[PDB]
Amino acid sequence: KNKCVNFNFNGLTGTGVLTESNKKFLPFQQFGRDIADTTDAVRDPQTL
Amino acid sequence: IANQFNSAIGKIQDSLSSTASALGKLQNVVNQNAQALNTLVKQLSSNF
């Protein structure tokens with residue numbers, strides 16, 4: 535954490551910092567997007 | 923003359939505080955630049 539790196543979460547490849555999420559989410563949601571169609575949140579395959 | 927002048931500026935203070943339709947020329951400047959930048963970032967989702 536606290537460093538912008540290249541992540542590979544089962545194909546979801548990007549570059550940016552990884553901070554904790556503080557919003558509501560669903561147990562059947564894997565990622566979140568904004569109006570500009572960019573990935574905003576990433577679900578962890580192993581941990582919750 | 924001084925009574926009609928001081929009562930004329932008071933009629934601008936209530937017209938500018940009741941409705942916001944008097945600044946329609948300045949609202950179209952901000953809304954056109956916000957619509958041009960929103961359409962530019964939405965074209966990255968296309969395939970071409």
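Chains as they are written, first to last, in the entry's author numbering: chain C, 535 to 582; chain A, 923 to 970. In this text, a Cβ means the ideal position worked out from N, Cα and C, and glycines have one as well.
Around C/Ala575, no beta-carbon contact reaches into chain A at under 8 Å, the shortest distance being about 18 Å. Separation of the CB atoms of A/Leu938 and A/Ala944 is rounded to 7 Å, and the pair is thereby assigned contact status at 8 Å.
Check the Cα spacing between C/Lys558 and each of C/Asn540, C/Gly550, C/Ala575 and C/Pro579: the tightest is with C/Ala575. The three-state secondary structure of C/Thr573, taken from DSSP, is strand.
One Cα belongs to C/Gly548, the other to A/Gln957, and the distance between them is close to 27 Å.
Residue range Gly946 to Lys964 is occupied by the alpha helix (DSSP H) that includes A/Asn950, with no beta strand (DSSP E) assigned at that position.
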